[PDB]
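# A structural walkthrough
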Amino acid sequence: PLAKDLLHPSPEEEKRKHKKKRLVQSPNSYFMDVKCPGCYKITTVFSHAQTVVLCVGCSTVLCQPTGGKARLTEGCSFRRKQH
Amino acid sequence: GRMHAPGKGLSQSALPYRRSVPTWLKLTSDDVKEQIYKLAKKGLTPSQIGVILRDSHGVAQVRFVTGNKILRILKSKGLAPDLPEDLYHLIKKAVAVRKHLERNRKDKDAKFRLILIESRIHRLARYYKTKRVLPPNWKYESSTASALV
Amino acid sequence: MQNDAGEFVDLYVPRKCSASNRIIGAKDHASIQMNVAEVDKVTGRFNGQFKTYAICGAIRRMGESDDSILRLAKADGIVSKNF
Amino acid sequence: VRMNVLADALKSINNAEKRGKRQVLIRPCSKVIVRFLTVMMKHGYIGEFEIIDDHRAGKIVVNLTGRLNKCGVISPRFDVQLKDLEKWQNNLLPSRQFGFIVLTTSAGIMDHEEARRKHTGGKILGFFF
Amino acid sequence: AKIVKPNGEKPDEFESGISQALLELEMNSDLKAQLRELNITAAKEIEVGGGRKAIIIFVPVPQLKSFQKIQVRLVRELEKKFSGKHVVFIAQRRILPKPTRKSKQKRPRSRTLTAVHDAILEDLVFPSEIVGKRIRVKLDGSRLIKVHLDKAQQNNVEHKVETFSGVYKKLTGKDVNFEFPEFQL
RNA sequence: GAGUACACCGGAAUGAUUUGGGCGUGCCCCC
RNA sequence: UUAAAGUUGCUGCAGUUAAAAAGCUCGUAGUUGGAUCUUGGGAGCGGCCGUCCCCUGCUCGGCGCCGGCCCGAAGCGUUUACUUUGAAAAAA
C-alpha cells in the first residue's frame, strides 16, 4: 500500500494492532462488576484480578488468578462499565 | 532491550488517554487515603497497595483521584521506610543467593547471577546516593546481611 | 529553466508520473502513457475527448499500479466513492 | 537507546520518501522537529501535515508530494559562523540554485538563506534538497 | 452579594444582575443545601461571530470541585433565565511570564501557559469530555486544534460547538473545531 | 431497618389528594 | 619532502570469503543521552504580507506642566557555552 489512511483507520485494524502500536494507545482491559446469587455484597473487580479476591465480608470466592484474565466461578453475572 | 538479559521485551502497562475520575465509583479522596494508611499499617509494599486497591476497591490510579501517589503520601505522614523497596528486595535476593552459594560451593551460574545482582545494586545505589535519599557513605557489604534484611 | 531574457532554454520538457510525482527518463521503457475513455453523458456512447494518465517503471516494478489507477480514476471521478 | 530523535525522524522521512510512501508516521515528537517541518512545508517540499497530541509523546503524520530528494542531519551539532557557511554549503549541498541548510540561530530554527540577511549564525541541524 | 473580587473595585451592572439571578434561583429552588461558600469572581458578556451572544462566568480554581455537583441544574436555570444566551464556567488561573535570563521565586508548571490553556479547554465543554486532541498545520502556519468529543451526552452538545469555538478564539486566539468520533464508543 | 423480591417517611406533581422494588445509570428481580 | 594518497580517511577508508570483531559477560575512568516551561494582536506605511513601536524595577537629580508623570542616572538584576559588533593587537 502506497497510502494507508493512518489519520482515521477502521476500528477492526485498531483491535488488530497491538495495545501500544495503535494511533493512540489504549489498554485492552476493563473494569467490571460481579455479584453472587447466594449473597448480597457486591464488589467491582478488574479484568486481570492478579490474586484471589474475597467477597466483602468473607462470604465466597470470586476470582481465580491466572496468567491473563481472571476466571469467575459459575452462576455469577458480570457487566462492564464506562464513562 | 533488557539491561542484563539478551532478550528484548515489550510487555508493560499502557495508560489510556482519558484524564478523569470515572463516574461509576463515588469515593472521596480522604477515605481512600485512610485505606492506604490502614493497609500500610498492615505492613505492605506500595506496589502491593496499588494492586490491592485496583483489585478490590475499584480505583484505577491514585494520581487521578488524589493529587499525589502512594510514596508521596507515606513520606508526607511518615510510614515510608528509609530503605526503598526495590533496593530492599535486591538486598534480600543477594542475601538468599549468598546463603545458597554458602551451602553449595561448586556452582558457577549462581555466582554469575550474584555478580550481576551486585552490579545492579551498585548501579542503583549510585542513583540513590546522587538523589540524596540514602546517606552518602552507605556502602553495601556482602557480610552485612543481618543489618537490614 | 527561465532566464534573464525571459526565454526558456529548455530543449524538451520531460513528463512526470501522476502517481508518485517522479520523472520518466529518456531510456525508460517500463512507462505507459495510459489513455482512459469517458462515457457520453446521455445514454452510453463515446465523445472523443480523452482522460490521459502516466506511470513510471518503479511503481509497476513493485506492483502498485492497480492501486494508483484506482486512485487516479476516483480523483477524476470515473469510479464512484462507494467502490 | 535513542540519542537523536531528529536524526531518526529525518531518516524515516528519507526511507519512506525514497520508496514512495504518500504519508508517514513518526513515533516521538519535539518542538524543533515541528519548526523544521514548518520550514520544510513553507518552502513547498511537504504538503499539509498532521501532528497528533497524546499525553506521553506526540506523533507526526507527514503527507509527501514527491519533490523531496534527500533530507539529512549533521551530528554532532557543530557551530558555524557567517564566514564558514559558504564552505558548508559548498561541500554539503548538491547545487547553489536549490537546497537549504537549517541552523539554530538566536532567532530560532530557520534557513541559511534568510540567515545571511539576518546576519546571525549559530549551531547547525541539517540539510534538505 | 455572592461576588468577591480580588480587588476592591466596582464593575458594571451585568455581574450584579448575574448575582441577583443567582440569589433568586437560590431563594426559589431547593439549592440552599449546596450553596454556602460559592462565590463568583467575575463575569463577562461576549458575542460570537454571527447572530447569537454568549455569557462567560469566571470561577475560582479550588471552588470548581464543588461546582461538579451543580452544573447539571445551574446551566439549565441560567438558560431558562436568559433564553438567547449560553452559560459556561471557566476557572480563573493566571499565566506567568517566562523566566527570561535577563530577569524572584520559581514558576510552577500548574501556572504555565500550556497548563492554563489546557485547563481552559477542559473546563469549557463540561457535559461531554475529551476523547482526543488533534492539531493541523496550515500553509499559512496557522495551527488549528481539532478536539474529539464524547458520544456520551451527545444530544446536549450539537448546538454549542460554535459558541465554544467563538469563546476560545476571542479568549485565546486559536481556531478550534469540534468533531464526534463514533468508531470507538 | 435483614435492602434479592420488601415495611416506614421527608422533598415534590394535580383548599384537598398522591405514582412495584435493587444499585451494578442501565439492565435485573415482580406482575 | 609535498600534491597525486578517498593507500592514515575530521570532511573522507576497511573488518563473512582479499590485511582486519578480543571466547563471553560484568565493570570504574572517557564519550553520548527521551518529551516538556510564551502564545498573539493593534494605529499606520499599501493595493493578506516585505519594513518599524509595545507589554522585572526601586536613592541623587534637568526638558516642562498645574505637592503628582516619561526622564539623566552614583547603587544593584543567579551562573555557562554559542553567535554579531568594538578595542588592544610590531614591521616585512
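Our subject is the structure listed above.
Structure report, in brief.

## Digging into the overall build of chain C
Helices and strands together make up the secondary structure of chain C, namely 2 helices and 2 strands. Starting at the N terminus, the α and β elements of chain C follow one another as β-β-α-α. The globule rule puts the C-alpha radius of gyration for 83 residues at 12 Å, and the 17 Å found for chain C is more than 25% above it. Counting only C-alpha atoms and orienting by the principal axes, one finds that chain C spans roughly 50 × 35 × 20 Å. By the burial criterion, 19% of the 83 residues in chain C qualify as buried. When the accessible surface of chain C is split by element, carbon and sulfur atoms take 55% of a total near 6600 Å². Across chain C, 12 positive and 10 negative side-chain charges occur, with their mean positions spaced 7 Å apart.

## Some details on the overall build of chain E
Check the secondary structure of chain E and you find 5 helices and 6 strands. Going residue by residue from the N terminus, the α and β elements of chain E occur as α-β-β-α-α-β-α-β-β-α-β. Dimensions of chain E, computed from C-alpha atoms along their principal axes, come out at roughly 55 × 50 × 30 Å. Burial statistics for chain E: of 185 residues in total, 40% are counted as buried. When the accessible surface of chain E is totalled, it reaches about 11900 Å², and 51% of it is carbon and sulfur.

## Side note on the protein's contact with RNA strand G
Near RNA strand G lie 30 residues; those nearest to it are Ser119 and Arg123 of chain B, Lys31 and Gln81 of chain D together with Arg101 of chain E. Those atoms of RNA strand G that come within 4 Å of the protein belong to sugar or phosphate at a rate of 75%. In this structure, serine 119 of chain B approaches RNA strand G through a side-chain N or O atom, which is 2.5 Å from a phosphate oxygen. Within the side chain of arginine 101 of chain E, a nitrogen or oxygen atom sits 2.5 Å from a base oxygen of RNA strand G. Among the elements of the structure, α6 (109-130) of chain B together with α4 (113-124) of chain E are those that each provide at least two residues to the surface near RNA strand G. It is α6 of chain B that contributes the most residues to the surface near RNA strand G, 5 residues altogether.

## Focus: the interface of chain A and chain B
Counting residues at the interface gives 18 residues for chain A, matched by 19 residues for chain B. Taking both partners together, chain A and chain B bury about 1600 Å²; carbon and sulfur atoms supply 58% of that area. Broken down residue by residue, the surface that chain A buries against chain B is led by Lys20, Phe31 and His83 of chain A, which jointly contribute 35%. Counting across the interface, chain A meets chain B through 0 salt bridges. In this structure, the connection of chain A to chain B is made through 5 residue pairs in polar contact. Broken down by element, the side of chain A that touches chain B gets its largest block of residues, 4 residues, from strand β2 (residues 43-46) of chain A. In terms of residue class, the side of chain A that touches chain B is built from 6 nonpolar, 9 polar and 3 charged.

## Here we look at the pattern of salt bridges
A pair can form between side chains of opposite charge whenever their charged atoms are brought close. Residues and elements named next belong to chain B. Under the counting rule described, the total for this entry stands at 19 salt bridges over all chains. Among the ionic pairs, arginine 54 bridges to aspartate 55, the shortest N-O distance being 2.7 Å. As a salt-bridge pair, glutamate 118 and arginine 98 come within 3.4 Å of each other at their nearest N and O atoms. Note that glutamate 118 is positioned in helix α6 and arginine 98 in helix α5 (residues 85-102), a separation of 20 residues in sequence. Judged by relative accessible area, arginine 98 falls into the buried class, the value being 17%.

## Observations concerning the side chain of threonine 105 of chain D
Residues and elements named next belong to chain D. Relative to the elements of secondary structure, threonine 105 occurs in strand β4 (residues 100-105). Residue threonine 105 is classed as buried on the basis of its relative accessible area of 12%. A polar side-chain atom of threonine 105 sits 3.3 Å from the main-chain amide nitrogen of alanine 107. Once residues within four sequence positions are removed from consideration, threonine 105 is found in contact with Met110, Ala115, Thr120 and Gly121.

## So, the sheet that holds β2 of chain A
Taking strand neighbours across the sheet as the criterion, the 3 strands line up as β2-β1-β6 (chain A) in an open arrangement whose pairing is antiparallel. Two strands in the sheet have a free side with no partner beyond their single neighbour: β2 and β6 (78-80) of chain A. Within the sheet, the average angular offset between the axes of one strand and its neighbour, ignoring direction, is 35°. Both strand β1 (residues 31-34) of chain A and β6 of chain A contribute to a ladder of 3 bridges, which runs antiparallel. Each residue of the ladder has a partner; that of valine 34 of chain A, found in β6 of chain A, is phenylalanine 78 of chain A. Its contacts with the sheet place helix α2 (residues 46-57) of chain B against β1 and β2 of chain A, and it is angled at close to 125° to β2 of chain A.

## A look at the pairing of strand β1 (residues 42-47) of chain E
All names here are of chain E. Bridge analysis of β1 against strand β2 (residues 53-59) gives 6 bridges, and the strand direction is antiparallel. Across the sheet, the residue bridging to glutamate 45 is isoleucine 55, located in β2. Linking β1 back to β2 in an antiparallel pair, the connection comprises 5 residues.

## Some thoughts on the protein's contact with RNA strand F
Residue and element names in this part refer to chain A. The immediate surroundings of RNA strand F are formed by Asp33, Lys35, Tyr40, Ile42, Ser77, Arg79 and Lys81. Counting only atoms of RNA strand F within 4 Å of the protein, the fraction found in sugar and phosphate groups is 59%. In this structure, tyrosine 40 approaches RNA strand F through a side-chain N or O atom, which is 2.6 Å from a sugar or linking oxygen. Here a base oxygen of RNA strand F and a side-chain polar atom of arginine 79 are 3.0 Å apart. For the surface near RNA strand F, the residue count by class is 2 nonpolar, 1 polar and 4 charged.

## Quick notes on the sheet that holds strand β3 (residues 85-91) of chain E
All names here are of chain E. What the 3 strands build is an open sheet, ordered β1-β2-β3; its pairing is mixed. Each edge of the sheet is formed by a strand with only one pairing partner; in this case those strands are β1 and β3. Strand-to-strand twist across the sheet, computed as the mean angle between neighbouring axes with direction ignored, equals 25°.

## Thoughts on unusual backbone geometry
Here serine 75 of chain D and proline 76 of chain D are connected by a cis peptide whose omega angle stands at 0°. As for its placement among the helices and strands, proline 76 of chain D is situated in the loop between β3 (71-73) and α3 (85-91). A positive phi angle, near 60°, is found at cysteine 58 of chain A, a position not held by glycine. The backbone of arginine 132 of chain B sits at a positive phi, close to 60°, despite the residue not being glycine. Checked against the element boundaries, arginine 132 of chain B lands in the segment after α6. On the accessibility criterion, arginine 132 of chain B (78% relative accessible area) is exposed.

About the criteria used
Residues numbered from 1 in each chain as written, not as in the entry; some residues may be left out. Chains lettered and ligands numbered in written order. Part of a larger assembly, values for the part shown. Heavy atoms only, no water. Helix = DSSP H or I, 4+ residues; strand = E, 2+ residues; numbered from the N terminus. Rg over C-alpha atoms; globule rule 2.2 N^0.38 Å. Buried < 20%, exposed > 50% of the residue type's maximum accessible area, 1.4 Å probe, protein only. Areas by Shrake-Rupley, 256 points an atom, 1.4 Å probe, with all protein chains shown as cover. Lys, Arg positive; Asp, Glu negative; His and termini not counted. Charge placed at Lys NZ, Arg CZ, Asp CG, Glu CD. Near = heavy atom within 4 Å. Polar contact = N/O pair within 3.5 Å; in protein donor to acceptor, adjacent residues only side chain to side chain. Contact = heavy atoms within 4.5 Å. Buried area = accessible area lost by both parts, 1.4 Å probe. Salt bridge = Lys/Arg side-chain N within 4 Å of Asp/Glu carboxyl O. Nonpolar A, V, L, I, M, F, W, Y, C, P; charged D, E, K, R; others polar. Pairing = 2+ DSSP bridges. Axes fitted to C-alpha atoms, helices over the stretch in contact; angles between N-to-C directions.

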